[PDB]
Each structure stands twice: as C-alpha cells, then as structure tokens.
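Okay, so here's the structure we're looking at.
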Amino acid sequence: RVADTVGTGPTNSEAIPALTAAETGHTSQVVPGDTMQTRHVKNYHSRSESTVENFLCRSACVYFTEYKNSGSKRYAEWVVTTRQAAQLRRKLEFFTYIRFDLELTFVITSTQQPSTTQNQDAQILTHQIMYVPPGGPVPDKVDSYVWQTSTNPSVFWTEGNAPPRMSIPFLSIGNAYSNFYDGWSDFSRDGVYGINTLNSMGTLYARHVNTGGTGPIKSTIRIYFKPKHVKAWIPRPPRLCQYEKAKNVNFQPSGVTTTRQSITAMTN
Amino acid sequence: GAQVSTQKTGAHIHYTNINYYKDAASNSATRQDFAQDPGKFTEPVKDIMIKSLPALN
Amino acid sequence: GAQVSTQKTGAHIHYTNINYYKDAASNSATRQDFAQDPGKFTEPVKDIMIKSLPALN
Amino acid sequence: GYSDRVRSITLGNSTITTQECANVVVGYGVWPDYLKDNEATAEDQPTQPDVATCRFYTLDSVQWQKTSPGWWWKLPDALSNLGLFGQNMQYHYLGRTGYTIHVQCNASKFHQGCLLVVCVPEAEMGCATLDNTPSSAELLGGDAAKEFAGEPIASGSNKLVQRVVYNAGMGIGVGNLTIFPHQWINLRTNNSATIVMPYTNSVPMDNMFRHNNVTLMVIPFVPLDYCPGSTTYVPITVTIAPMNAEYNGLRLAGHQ
Amino acid sequence: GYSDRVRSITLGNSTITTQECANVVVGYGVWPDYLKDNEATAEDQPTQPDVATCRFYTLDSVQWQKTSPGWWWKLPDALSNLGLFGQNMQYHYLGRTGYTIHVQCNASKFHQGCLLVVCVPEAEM
Amino acid sequence: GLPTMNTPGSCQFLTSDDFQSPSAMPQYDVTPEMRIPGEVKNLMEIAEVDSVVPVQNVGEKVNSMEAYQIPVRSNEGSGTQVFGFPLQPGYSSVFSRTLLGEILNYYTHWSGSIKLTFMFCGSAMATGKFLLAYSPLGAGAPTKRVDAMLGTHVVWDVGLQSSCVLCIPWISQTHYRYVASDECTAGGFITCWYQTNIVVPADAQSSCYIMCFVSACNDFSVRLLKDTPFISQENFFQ
Amino acid sequence: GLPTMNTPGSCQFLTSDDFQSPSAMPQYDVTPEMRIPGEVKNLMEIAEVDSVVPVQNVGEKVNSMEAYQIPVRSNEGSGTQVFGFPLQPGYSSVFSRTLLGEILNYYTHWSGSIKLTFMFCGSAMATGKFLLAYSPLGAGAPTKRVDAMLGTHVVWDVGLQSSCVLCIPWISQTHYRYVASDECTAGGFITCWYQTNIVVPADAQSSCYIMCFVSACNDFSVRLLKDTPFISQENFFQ
Ligand SMILES: CCCCCCCCCCCCCCCC(=O)O
C-alpha cells in the first residue's frame with residue numbers, strides 16, 4: 001500500500017529538510033509536508049502493477065517463420081533467441097541479471113497458395129514441432145530419422161483447436177541469465193565479443209506431418225514468450241536507442257531528447 | 001490438499017487453487033508479491049544521514 | 001482417497017493425484033524414485049578392500 | 001570534535017587521507033566479502049594473498065581540459081600488470097575480488113567544474129561499424145586512460161569503439177547513469193569521491209582476462225572554466241585497492 | 001596390513017608416491033613451523049601465500065655416469081625462478097621458509113651404486 | 001463420465017492469462033540460486049532514484065552535454081526568469097527520456113508528488129538567491145515574479161549546502177492523471193526566477209550553471225500498464 | 001453439467017507427457033516377478049564402472065587392439081612426453097566411445113570429477129617413474145615437464161602396486177559444462193611425462209605398454225537428456 005501524507009503546521013526552526021547535498025549521492029527523501037503546510041490524507045492506492053512479475057507476465061511474439069508442404073523448403077528452423085523482437089528485448093534489458101521460468105504458446109495458420117492445379121481435395125494438415133539440444137543431430141531432409149524424436153521433446157498439433165502450450169524450467173549453466181556480457185569467447189581476446197558468447201539455448205524445427213492436397217500450402221508458425229516466477233537484480237537504464245543487430249549492441253548515435261523552441265516555453 | 005487465498009479487490013472474496021502437476025515449473029505466476037525496499041538504490045552511503053541536518057558538516 | 005505428494009523443485013509445493021481406473025496399469029510413471037547402489041557393479045569382489053591399504057599383500 | 005568531511009582509509013601498507021570528501025557510497029549496501037562454502041562450485045582450496053593483493057594502487061593521472069568529452073578505465077585491465085595482484089591473476093585460472101575506487105581532483109576556490117564518477121556492471125561498448133564487433137585494443141587500455149569523443153565516430157568499415165559522450169558507448173542516455181552506483185565531485189563542495197563495490201557476477205568465480213566485471217567512467221557534465229592567470233592544468237588521479245581478493249586453478253602463466 | 005617401505009606425501013596440489021623408501025629423516029628432530037611473535041623482530045604483518053608457495057617443484061634431472069665426481073645445488077637459488085614462490089621472494093625484502101627435499105633414482109636389480117644425499121647449513125665454498 | 005458444459009470463450013488465446021500447463025521436460029534439476037547485489041522487487045524503487053534532466057533541450061544542445069546544464073549569469077535587474085517547464089513527467093519533452101518518464105511511458109495512469117533537486121555548479125566565491133515556484137492548473141502560466149510568488153514556491157540561497165529540493169504537492173481533482181496529455185487534467189506550470197542578482201568577486205566568473213534532478217516521491221503510484229511509444233522495429237533484428 | 005473452460009493446448013501430443021489412459025485389456029493377471037542379479041536403478045552407477053580407453057586412436061591402431069595400448073620405452077634423456085588428451089569425456093575422440101562417454105552423448109550438460117587409472121604391463125624386473133598432470137583451462141597446453149609440474153600432478157612409481165589413480169578435480173566457473181564442445185567452458189589438458197628413465201636388466205625387454213581406464217566419480221552428475229549423435233538409420237530394419 002502507498003505511504004499516506006501527514007498533516008503539518010507552520011514552524012520556524014534551525015532544522016533544514018529542503019537543504020541537501022547532491023555530491024554524497026544519497027537521493028534526498030523529503031515529504032511534501034516538510035516544504036509546505038499539508039492536511040492529513042489517507043491513501044488506499046496500491047503499488048501492485050509495478051511488481052517485476054506483473055510487468056513481465058504477458059505473452060509477446062518473439063519471432064515467426066514460414067514452411068511449405070511442397071517445393072524445396074519443406075521445414076523451417078529458428079535458433080531460440082529473445083533479442084530479435086524489440087519489445088521483448090527492451091523490457092529484458094531493464095535488468096542486467098534475470099532468472100525466470102518460460103511459458104511457450106505456438107500459433108500456426110495455413111494459407112492456400114494460388115496454383116495451376118484444379119479440383120484439389122485437402123485433408124486436415126497435422127504440424128510437428130521438434131526442439132533439439134546443442135549437439136543433437138540436425139535434420140538434413142524432411143524425411144530424416146531425426147524426426148522420430150525418441151530422445152527429443154516434440155509436440156503434434158491438428159488444425160482447428162487451442163494452440164499447443166508447454167512450461168519450461170529455468171535452463172542455464174549459470175545461476176542467472178546475463179542480459180549483457182562484457183567478454184570474449186576465448187582467453188586470447190581475439191574473436192567474437194558480446195552476449196552471443198553465452199548463447200547456447202538450442203534450435204527449433206517445424207514441418208508438415210502430412211500433405212492434404214496437391215496445391216501448394218504455406219504455413220506460418222508464431223512463437224510467444226511469457227516470463228514466470230521472475231527474479232531480477234542490478235537494474236539498468238532505459239535503452240534510449242533503436243536496435244540494429246540481435247548479436248551486438250551496436251547503435252547509430254542518438255540525440256538525448258526531442259527539442260522545445262526555448263528554455264522558458266511550455267510547448268514541446 | 002487445496003489452498004485457499006485472498007482475491008485482488010478494491011478498498012473503502014477467496015479463490016481455491018490446486019496443483020495438478022509435480023514439475024513445480026507448471027505452477028501459475030506469483031502476481032501477489034507486493035514487497036519493496038528502495039534502501040539499496042537510494043541512501044546507498046555507509047554513514048546514515050538524518051532528514052533535516054546539514055548534509056556535510 | 002486423494003494422495004498428496006511433493007513436487008520437483010530447486011534447492012538453496014505439493015501436487016494432488018487421484019487414480020480413476022482399477023487396471024493399475026493405467027497409472028502414471030514413477031519418475032521420483034531416486035535410489036542408487038553401485039556396490040554390485042563396482043567392488044564386486046568377496047573380501048572387502050580398504051581405501052588406503054596395499055591392494056595385494 | 002569530528003568533521004563529516006575529513007576521512008582516513010587504511011588498506012595494507014597504503015593510507016589515504018582527504019581533508020574534504022562527500023560521504024562514502026557502498027553501491028548496493030553490501031560490503032565486499034569472501035565466497036561462502038554453501039555457494040562455492042570449485043572443490044580445490046583457494047589461495048588468499050591477503051595484504052599483498054589488498055593495497056591501494058595509483059594509476060597514471062589525466063589532464064582535465066575545458067573541452068574534454070570524457071575519460072574511462074576498464075578496472076580489471078587497469079590492475080592487470082601491477083604488483084603481486086597482477087602476478088596472481090596471470091598465474092591463476094579463476095579470480096573473484098571486491099574493488100575500492102578513489103578519484104581525487106584539486107582546484108582553487110575560483111575554479112568551477114562538475115565530474116560524474118560512476119562504476120557500471122557489465123558495460124558493453126558498441127562498435128561504430130554495425131557489422132563489426134569492437135576491437136580489444138579499443139575496448140581496454142592497459143597502463144593508459146581511454147577517452148570518450150564529443151562527436152560520433154565517423155563513417156568507417158573497421159573495428160572501432162563508438163565513443164560519443166551522450167550515449168557513453170552503451171547506447172543509453174548519460175543522465176540515467178544515476179541508477180548505477182555513483183558519486184558527484186563539485187569543485188566548490190567536494191575534493192574527492194570514494195565508492196566501495198561488492199563483487200558482482202552471475203558465476204561465483206570467473207577468469208579475469210577473458211571477462212571484465214565493472215568499468216569506472218568519468219564525464220564532466222559542467223565544463224572546467226577559470227579566469228585568466230589561474231593554474232591552467234588540473235590533474236585527476238584514480239587510485240584502486242583490491243578487497244578480499246582470492247584465487248583458484250593454479251596454472252602456467254599467460255593467456256591464450 | 002602396511003609396509004614400512006611404501007610412502008605417500010601430499011603438499012598443495014602435488015602428491016609423491018614411492019613403493020620403496022628408507023625411513024624419512026627430520027634433520028634436528030624439529031618440524032618446520034611459522035615464526036613466533038615473541039621471537040619476531042619486524043613490526044609489519046607478514047604475508048603467507050599458503051598452498052601457492054608450498055607445493056613440490058621438480059628440477060632438471062642429471063645423468064649418473066660410472067665416473068661422476070658429484071652433483072650439488074644451492075637450494076634457495078634452485079627455486080629462485082619457479083612459480084609464485086620465485087615471484088614472492090623477488091617482490092619481498094625478507095623471507096623465511098622450511099624445505100622438503102626428495103631425491104629419486106631408479107635402477108635394475110643387477111645395477112649396483114651408493115649415493116650420499118646430505119643437506120649442509122652455511123656451506124661456504 | 002461426469003456431465004460437463006463448455007463456457008463461451010473455450011479454446012481462445014489471451015496474452016494476459018494465468019493457467020497451469022505441462023512442462024516440456026519432466027523433473028528437471030534447476031541450477032542452485034546464489035546471492036546477487038541490488039536485487040529488484042518493484043519498478044517504483046527504480047523511479048525513486050534521481051535522474052539528470054535535459055532542461056535546455058533546444059536545437060544543438062541535446063546533441064552536446066549542454067542539454068542538462070541550465071545557464072545563469074549576473075544581471076543588471078533582479079526578477080528575470082531562469083527557466084519554465086510543464087509539470088507532467090510523461091508527455092513533456094523535458095521529462096520524457098528521464099528514468100521516471102521512461103517508466104511512465106510504459107503505464108497509462110500516474111499518481112502522487114514529484115521531487116525536483118537543483119545543484120549550483122559555480123565557484124565558491126559566487127553567491128545568489130533564486131525562487132523556484134509551482135503554479136496550480138487553470139491559471140495562465142506566471143509571466144512575472146509577483147505572479148509566480150502567489151503559486152507555492154521555495155526561496156533558495158547558494159552557499160552552505162549547495163543543493164535545494166522543491167517538492168510539488170499533488171493537487172488533482174482526480175485520484176489519477178493520464179500519462180498521455182489530457183485536456184481534462186492539466187498537471188501545472190513549473191518556473192524559476194532571480195530572488196536577487198548573482199554577485200561575484202573580481203577574478204571569479206560572472207556566469208555559472210545549475211543541474212536539475214527529477215524523481216518519484218513515496219506517495220507516487222502507476223496503473224493500466226501499456227506498450228511504450230518510443231521502441232519500434234521495421235523488421236526482426238539479426 | 002458443471003460449467004467448464006478449455007485451456008490453450010487442449011488435444012495436443014507431447015512426447016514427454018505423464019497422464020492416465022484406459023488399459024486395452026481389463027483386469028489382466030501379470031506374470032509373477034522373480035529375483036534377477038545385477039538390478040539397475042541409475043545410469044550413473046554404470047558410468048562409475050571403469051572403461052578401457054583407446055588412447056592411441058591413430059590410423060591403423062583403432063582397427064587393431066593397439067588402440068588401447070600406450071607405447072613406452074627406455075630412452076636416453078628423461079622428460080619426454082608419453083601422451084596428451086583433452087579433459088572433456090563427451091566431445092574428445094579418445095573418450096567419446098567409452099562407457100562414460102557413450103552415456104554422456106545421451107545428456108546435454110555434465111558435472112563433477114573424473115578418475116583415470118593407469119596399469120603398467122611390463123616385466124617384473126622393469127622399473128620406472130612417470131608424472132601424470134592435469135592443467136587448468138585458459139593456460140596454453142604444457143610443452144615441457146617443468147610447465148606440466150605447475151599444473152596439479154601425481155608422481156607414479158612402478159613396482160609394489162602396479163596401478164595408479166590420477167583424480168582430476170572439477171575446476172569450473174560454471175556448475176555444469178556442456179557435453180558438446182563449448183568455447184565458453186574449456187575442460188582442461190591432460191598430459192604424461194617421464195619422471196625418470198625406464199630401467200631394465202639384460203634379457204628383459206626395453207619397451208613396455210600402459211593401459212588407461214576412465215570413470216565417473218561420486219560427485220559426477222548429468223542433465224537435459226538429448227538424442228545421441230552416433231545411432232542413425234537410413235530405413236526401418238527388417
Ligand atoms: C519443445 C519445444 C519448446 C523448446 C523450448 C527450449 C527452451 C528455450 C529457452 C529459452 C530461454 C531464453 C532466456 C532469455 C535469453 C537468454 O538468456 O538466452
């Protein structure tokens with residue numbers, strides 16, 4: 001519950017609440033009553049939406065990819081990264097270190113693609129999603145042994161019902177996920193430099209289990225991320241810049257703020 | 001083993017929750033954790049400073 | 001006859017399970033059976049050997 | 001009686017005494033401490049050089065000019081070749097340590113200037129070229145200060161840190177550096193700034209050469225300015241002392 | 001049971017194991033120990049690198065020939081450029097330490113030879 | 001088979017929903033937690049920390065470090081206005097990019113007092129008195145010092161402590177004021193004046209600078225969390 | 001009919017899911033259990049058992065039983081290096097096919113100490129001393145015996161007991177090291193040197209052999225189980 005103001009009355013005193021030192025770096029903490037006479041007001045306001053969990057407990061689409069029932073590109077592969085979507089990336093960047101369980105919802109939509117073939121008949125498409133840990137063999141073709149998934153987690157979805165949903169335990173070699181790493185992959189210091197060095201979350205593969213009809217069908221799979229049981233430390237300033245790559249923090253230089261006509265003027 | 005907790009309501013009413021999984025990572029988020037402490041970020045300095053005393057003396 | 005058991009959680013929280021079938025082969029797997037004993041495969045030999053004594057004497 | 005401004009800090013065989021100082025800042029309210037057995041991943045016993053490693057070390061001074069964008073130091077690199085502490089890290093695979101920072105600037109009453117002394121965990125600088133990561137030589141300066149540039153790095157196709165002052169190299173607003181622990185040195189009110197840092201990192205111990213934990217940055221929000229005939233050279237000196245330093249993984253010297 | 005001949009010495013991260021050895025000799029019946037406060041001339045606190053300095057260091061081997069007069073080593077000079085221990089002494093004006101010596105020679109039953117391993121305080125050549 | 005009915009909205013996807021779903025991996029052993037400094041439990045605590053204000057955000061000044069600095073100089077006549085900015089932190093250009101303003105761009109409603117901190121950055125010899133004032137809504141912005149004095153104000157003196165705090169009381173008919181600018185709720189006008197002329201000895205500079213710091217007070221609160229306006233992507237980044 | 005809502009993901013198939021389903025045959029009488037030797041409850045117990053190491057895995061040697069054997073011979077100068085292999089069991093060619101390595105190919109993360117056992121296979125008369133050393137990551141692999149001695153090592157003497165155990169302490173910044181090779185985590189370098197020259201009587205062979213055995217210690221553990229790389233089928237077998 002928010003703190004409630006205390007009523008105050010005029011006084012002349014040696015004590016100087018308003019006067020303080022910026023140099024110490026201790027933020028000044030003075031109530032309105034110390035600066036002016038005030039009236040006793042009770043506050044029922046609650047700081048219950050500013051909690052880190054409430055702020056980060058909402059689904060956002062990290063990335064989407066397209067695969068075809070026919071033609072050369074039978075299946076789609078995406079490396080699992082938070083950084084490629086700006087909104088998800090900006091809020092995660094607010095804390096240097098974050099620890100959190102992950103909730104995953106996949107939405108798949110199929111669109112018929114125009115074609116020369118006629119009198120097409122389409123049985124309901126079934127879609128398979130398979131997640132491979134680092135060093136698991138990658139599928140090279142859609143008909144590969146890798147698609148058996150005996151040792152790999154996998155979900156099968158039939159079109160026309162609720163999107164498939166899974167819960168992920170906190171996966172890290174480290175005690176906490178590191179939003180920023182100031183380090184090199186090797187001891188020498190010649191090599192790639194960045195958070196990409198600590199990036200080993202595996203890869204995700206999506207394919208049509210079966211083909212209903214002769215005509216070409218294109219399917220888009222959208223991946224949604226929802227933090228759960230969130231724990232944060234070492235808070236960082238707001239990014240204040242448009243992103244450029246998901247592997248580095250490289251930025252085009254940016255003015256500090258939008259500019260008003262004059263220091264006196266109240267118009268932006 | 002049902003658990004009974006209070007609901008989010010206005011000022012100036014309980015919801016039953018049962019866990020059906022043992023993974024413990026399948027539970028709902030802890031939305032109702034209203035605890036705050038600005039002491040780390042604000043007033044970081046070792047020697048404590050009173051509200052109305054000269055800051056440097 | 002509900003059964004209450006502990007969940008799988010980290011270190012440094014209970015799930016209710018009810019059986020709705022009598023075949024007993026319709027139950028869930030016993031994932032939480034963390035018991036091990038290497039004595040069979042390692043230290044197979046009849047006469048016991050101490051950690052720091054000559055192996056053959 | 002006593003004065004809030006007067007202070008005296010004694011570490012090892014080095015003692016620091018300033019007549020005027022702003023109250024000392026502990027960045028997260030946590031004193032640096034040795035690692036707990038409950039939290040310790042490594043089985044092997046650690047070696048603690050005690051007073052040898054834990055002493056004040058003085059770095060090369062810089063000149064504050066009326067138009068200096070900024071000066072910045074990577075702290076682990078700063079002490080990488082200094083005394084036993086430089087030797088111990090070169091010998092050992094893993095090191096965790098607290099850091100004491102003391103920034104001293106002296107000026108006449110007539111002089112006017114304001115410097116911001118901020119220590120930032122995990123600062124990652126961003127290269128001027130988008131397709132290239134920043135070079136190690138640009139990223140870290142050993143035995144020498146690295147300086148921010150008032151203008152943005154010009155268009156290029158080479159490794160080069162982006163040094164524009166407002167972004168501070170992190171591509172974030174300079175004014176919001178308040179959230180990071182910091183201490184303001186104002187020439188009229190303050191002679192010097194003392195910041196004490198708890199060890200900060202996801203892992204309990206990390207190899208010092210591959211990874212740097214915190215970066216000390218100095219920027220003048222208000223330019224230095226003086227009337228003619230006043231001393232025209234102003235010196236800023238950074239002194240750093242390791243706290244509760246410990247080492248593990250005894251290994252042959254050098255990094256590769 | 002146990003064998004008088006078998007031995008195992010563990011110092012720091014270095015372990016020495018010989019199947020056959022003569023009983024270990026303490027030269028004056030005194031184990032090496034840190035200096036007493038009662039006996040200490042210097043006011044300043046001493047620095048003890050602990051396991052770093054206290055580990056076995058192996059020197060360059062020599063060839064025993066049918067006509068080798070002898071081999072001799074100045075021990076403080078021997079470890080003067082070896083690991084942290086070589087570094088600490090170069091850094092510090094005063095050092096006092098105990099020394100463990102282990103001399104190993106291996107030969108076939110048919111071979112015959114006798115070597116005298118003696119440590120002498122203050123030998124002046 | 002117990003009889004069951006299906007509610008409207010069955011098999012639908014809501015972004016903000018809280019439910020129980022089966023883990024991808026059964027019985028995973030999570031890595032043990034370790035102590036980390038500066039743990040964060042609330043966004044408001046970050047907003048309480050002071051943030052430098054780019055008060056002089058005109059033209060080239062935002063491109064230089066001169067945005068934050070506010071110019072002051074010795075002047076022939078007392079009563080000249082040092083600066084004027086809109087009270088609201090969220091919409092105004094001056095407070096939009098600050099710590100508190102950035103957090104506010106995330107939330108639709110905002111409540112409570114704002115603390116403004118002003119630190120003189122001139123020579124020791126330099127002395128001066130300034131009048132910092134807040135004027136309640138529905139009154140035209142003050143055009144003279146006499147008008148400004150009617151609005152609640154703190155008279156500040158340079159020397160001794162070198163910083164001052166003007167605390168703006170919340171004075172709103174509504175419990176919550178929209179972060180987005182609203183015709184219905186106008187936050188107020190904040191302006192500064194010379195109580196007295198700045199005085200300096202010969203060999204001391206006539207002109208000095210004043211930095212401004214803005215933060216959330218203890219009574220401050222937020223609601224209705226929303227997507228922020230500033231961050232946008234044309235395409236997914238690589 | 002009680003009102004009910006349907007969760008997202010209803011009617012979906014997850015490989016790793018644990019639920020209750022109706023038996024194909026009701027009330028089947030299962031055959032009674034009987035006592036069987038070597039009952040297994042954990043995979044780790046199998047990894048604790050020592051496995052022969054094909055240390056000499058070069059060219060024709062893997063095709064013969066010579067892979068396992070490590071060559072040693074009497075030499076003019078002491079200090080020559082018997083062998084060198086990478087510390088990690090999972091990725092390295094030398095440990096990939098062993099009992100512990102094969103179990104690791106199944107799991108993504110691995111933790112804890114490894115015990116290496118070395119048994120001299122020469123004549124009774126043959127005698128020798130070897131230095132077995134482990135060097136911590138971030139240091140170039142030792143190129144000389146003096147460099148190797150700096151890394152933790154055990155000096156071994158032939159005769160009396162004919163086998164020795166070098167136990168590699170876990171020395172990792174991370175709690176878990178990836179089985180797949182990782183730039184971030186480097187396990188270490190393991191190398192052997194001649195402490196002294198091998199000595200033999202006339203009529204005894206100058207050159208002998210040394211076998212190496214690798215096993216999981218009590219502290220060892222695994223996580224994130226994954227499909228193994230080695231096993232593949234072009235088509236279903238008949
Ligand atoms: C079975 C299909 C789903 C597979 C999900 C695999 C696990 C993905 C975990 C991603 C966690 C991302 C954490 C933040 C970014 C980072 O630290 O890398």
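In what follows, every heavy atom counts, from backbone to side chain, and hydrogens, waters and symmetry copies are set aside. Residue numbering restarts at 1 for every chain, and letters A, B, ... go by the order of the sequence lines. Ligands are counted one by one from 1 in listed order, and the atoms in each one are counted from 1 as well.
Using a 4.0 Å cut-off to heavy atoms of A/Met201, the atoms of ligand 1 that qualify are 9 (C), 18 (O).
At least one heavy atom of A/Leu104 sits less than 4.0 Å from an atom of ligand 1.
Counting heavy atoms closer than 4.0 Å to ligand 1, residue A/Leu102 contributes side-chain atoms (C-beta onward) but none from N, CA, C or O. At a 4.0 Å heavy-atom cut-off, ligand 1 touches A/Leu171 through the side chain alone. When non-hydrogen atoms are compared, ligand 1 lies under 4.0 Å from the side chain of A/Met166 (C-beta onward) but not from its backbone.
Using cut-offs of 30° and 60° on the angle between ring planes, the pair G/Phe220 and G/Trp110 is parallel. Using cut-offs of 30° and 60° on the angle between ring planes, the pair D/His211 and A/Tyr181 is parallel. Using cut-offs of 30° and 60° on the angle between ring planes, the pair A/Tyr75 and A/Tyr205 is tilted.
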Open item on the list: Walk me through whether A/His127 and A/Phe156 qualify under side chain to side chain contact (heavy atoms under 4.5 Å, CB included).
Closed with: CA-CA 6 Å; A/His127 304 295; A/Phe156 288 77; over 6 Å; no
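Rounding to the nearest 0.5 angstrom, the gap separating the CE atom in A/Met166 from the CD atom in A/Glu103 is 9.5 Å.
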